[PDB]
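> Could you work out the structure for the sequence below:
(chains A, B and C)
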Amino acid sequence: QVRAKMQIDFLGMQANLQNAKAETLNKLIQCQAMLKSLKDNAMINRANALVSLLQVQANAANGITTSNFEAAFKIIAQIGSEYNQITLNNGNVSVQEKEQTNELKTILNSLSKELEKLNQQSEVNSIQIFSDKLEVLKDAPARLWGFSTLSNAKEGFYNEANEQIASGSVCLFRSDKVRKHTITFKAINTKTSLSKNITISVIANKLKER
Amino acid sequence: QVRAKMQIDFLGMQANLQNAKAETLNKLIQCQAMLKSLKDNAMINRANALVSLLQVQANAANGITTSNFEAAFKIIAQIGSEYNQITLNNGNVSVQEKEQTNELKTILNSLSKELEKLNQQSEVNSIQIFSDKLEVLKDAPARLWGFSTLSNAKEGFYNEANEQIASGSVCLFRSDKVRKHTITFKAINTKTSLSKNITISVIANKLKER
Amino acid sequence: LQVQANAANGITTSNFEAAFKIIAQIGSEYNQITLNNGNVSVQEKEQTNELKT
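Residues are numbered from 1 along each chain as shown, chains lettered A, B, ... in the order given. Okay, here it is:
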């Protein structure tokens, strides 16, 4: 039951990794939208207040508005005082755009660079070999177990050049030798191919010797 | 099952660390937006009330409004009394911008500096070696186990200069010596490369001696 | 343009060079606008953003 569900479990774990990356990216984007929404809701309110000021200066017919246009415009100028504030010299404006400091924008940029640096090492399609009893005798099995996360494959075992010794995902490694063998789990596909190495060392029986 | 899922688990733990940093940054940004929204909602309401005051002074045709313009303007001046309040000397305004004290802005700045100081030590792509039985006899195995969080690598074991003694993520260290050996786990990649040291000390058998 | 339509004052012709730069600061981080002598020109500055990448 564990070995049957392993491919779908690794695909679900990769999907959960994608979910945990996309949630952090969405929180960063919501944070940057909340950062820019302050500037936007200040600027459109300043613009709407200026439109209403020209609306009361349009149908005025009083003359007090010409004297208060130097007074109320500095009240509309205090809407974006922490932003590109405005002034009136003798009836003309001049946008400052003071480039106001904010550390949190730089921390957001550093966290975005951290997320992009994390995004490169998020791999897909990696195989893995396993073997109990790395030490082995002359005729002991030492069952090799491979795992390929490919869609469809052949997942053979090859013996030190290309020599096929198993069929798929399990190998029974008899040695009849003394040397350290290196067995290659191979998962071929119509798209790509993967290989993995394991090293099984053989010893002789210390009791049978001399 | 534990060793197969370790790369995806470490990637998920790094993604959860990114989530726990981005949530704190988003809470700080929401807090600063709530700080600035008080100033913005005071200033646009003061501006809207002043626009309505010039609206009632426009279509007045009464004369009482010229006497109440020194009275109602001080009521509009109490909108931003804890902020850049306003006055009227003989029909002109003067913005104060008193630079009012607030400790919580400084505590927010200190927490942002704390978060940025925490952001530098958040590393990615670190390998780790492990070995049971740091003490070892002349021929005892003392199975070394390495872990590289790289995407694809070779993850070999090198013997004190460059001498390859294993293939990947497992090593069986026979010694036939007496000295303290230093084995280097190495994970090479097309982008970068990492190394890690372990020290396995060998002793002779105390029973076989003398 | 609604307040410039039913104006009948003349101050709006002088403030149309003033208020239009206030409307120009709405999209200052976006394709901002200007007025040379009564005509506009869209910039579309192609502003950088790492998060899109």
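> which residues of chain A fall in helices?
All helices of chain A, identified by DSSP state H, fall at A:6-58, A:64-68, A:72-76, A:103-120.
> just the ones you listed: most buried one?
Sort the helices of chain A by mean neighbour count, taking mean count of other CB atoms under 10 Å in any protein chain shown, and helix A:72-76 sits at the top with a mean of 21. For every residue, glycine as well, the C-beta is placed using N, CA and C.
> show me what contacts the residue positioned nearest the centre of chain A?
Centroid check for chain A by CA atoms, centre = their mean gives residue A:119 as the closest residue, at 3.8 Å. Shown in contact with residue A:119 (CB atoms under 8 Å, 6 or more residues apart in numbering or on different chains): residue A:21.
> What residues does residue A:196 make contact with?
For residue A:196, the contact set (CB under 8 Å, 6+ apart) comprises A:127, A:128, A:129, A:146, A:184, A:185, A:186, B:168.
> and the closest residue to residue A:166 other than its chain neighbours, how many neighbours?
Spatially, and ignoring its direct neighbours in sequence, residue A:166 is nearest to residue A:157 (3.9 Å; CB to CB, 6 or more residues apart in numbering or on different chains). Residues lying near residue A:157 (other CB atoms under 10 Å in any protein chain shown) number 23.
> what separates residue A:157 from residue B:25, distance-wise?
Distance, residue A:157 to residue B:25, by CB to CB, to the nearest Å: 49 Å.
> Residue A:176 now?
With distances taken as CB to CB, residue A:176 is found 62 Å from residue B:25.
> thinking again about what came up before, what's the closest of the helices of chain A to residue B:44?
Comparison of the helices of chain A against residue B:44 by CB to CB identifies helix A:6-58 as nearest, at 4.6 Å.
> Residue A:156: neighbour count?
By the measure other CB under 10 Å, the count of residues near residue A:156 is 19.
> next one: residue A:133
Residues near residue A:133, counting by other CB under 10 Å, number 13.
> That one reaches residue A:172, doesn't it?
No: with contact defined as CB atoms under 8 Å, residue A:133 does not count as touching residue A:172 (12.0 Å).
> what's the distance between residue A:180 and chain C?
With distances taken as CB to the nearest CB, to the nearest Å, residue A:180 is found 47 Å from chain C.
> dump the residue contacts of that residue.
Taking CB under 8 Å, 6+ apart, we find residue A:180 in contact with A:199, A:200, A:201, A:202.
> mind giving me a markdown table with those residues and columns for neighbour count and distance to residue B:140?
As requested, the contacts of residue A:180 are exported to a markdown table (neighbours: other CB atoms under 10 Å in any protein chain shown; distance: CB to CB, whole Å):
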| residue | neighbour count | distance to residue B:140 |
| --- | --- | --- |
| A:199 | 18 | 17 |
| A:200 | 20 | 18 |
| A:201 | 17 | 13 |
| A:202 | 20 | 17 |
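> can you tell me which of the residues you listed are in strands?
Among the contacts of residue A:180, the ones falling in strands (DSSP state E) are A:199, A:200, A:201, A:202.
> what would these look like in a markdown table with distance to chain B?
What follows is these, written out as a markdown table (distance: CB to the nearest CB, whole Å):
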| residue | distance to chain B |
| --- | --- |
| A:199 | 5 |
| A:200 | 9 |
| A:201 | 6 |
| A:202 | 11 |
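> Ignoring the adjacent residues along the chain, who's closest to residue A:51?
In space, residue A:51 comes closest to residue C:3 once its chain neighbours are excluded; the distance is 6.3 Å by CB to CB, 6+ apart.
> Cross the contacts of residue A:196 against strands and list the overlap.
Those of the contacts of residue A:196 mapping onto strands are A:128, A:129, A:146, A:184, A:185, A:186, per DSSP E.
> top of the residues you listed by neighbour count?
Among the ones in strands among the contacts of residue A:196, the one with the most neighbours (other CB under 10 Å) is residue A:185, at 26 neighbours.
> Surely it is in contact with residue A:193?
No: using CB under 8 Å, residue A:185 is not in contact with residue A:193, being 11.5 Å away.
> Enumerate every residue touching residue A:76.
By CB under 8 Å, 6+ apart, the contact list for residue A:76 reads A:46, A:49, A:50, A:53, A:86, B:47.
> give me that answer again for 10 Å
Contacts for residue A:76 (CB atoms under 10 Å, 6 or more residues apart in numbering or on different chains) come out as A:45-50, A:52-53, A:86, A:88, B:43-44, B:47, B:50-51, C:22.
> before we move on, the earlier item: nearest to chain C among the contacts of residue A:196?
Comparing the contacts of residue A:196 against chain C with CB to the nearest CB places residue A:127 closest, at 30.3 Å.
> My read is that that closest one contacts residue A:185, right?
Yes: Residue A:127 is within contact range of residue A:185, at 6.4 Å (criterion: CB atoms under 10 Å).
> what residues are shared contacts of these two?
When CB under 10 Å, 6+ apart defines a contact, the residues bordering residue A:127 and residue A:185 alike are A:146, A:147, A:148, A:155, A:194, A:195, A:196.
> Quick one: residues contacting the second one.
Listed by CB under 10 Å, 6+ apart, the contact partners of residue A:147 are A:3, A:6-7, A:10, A:126-130, A:155, A:169, A:185, A:187, A:196, B:4.
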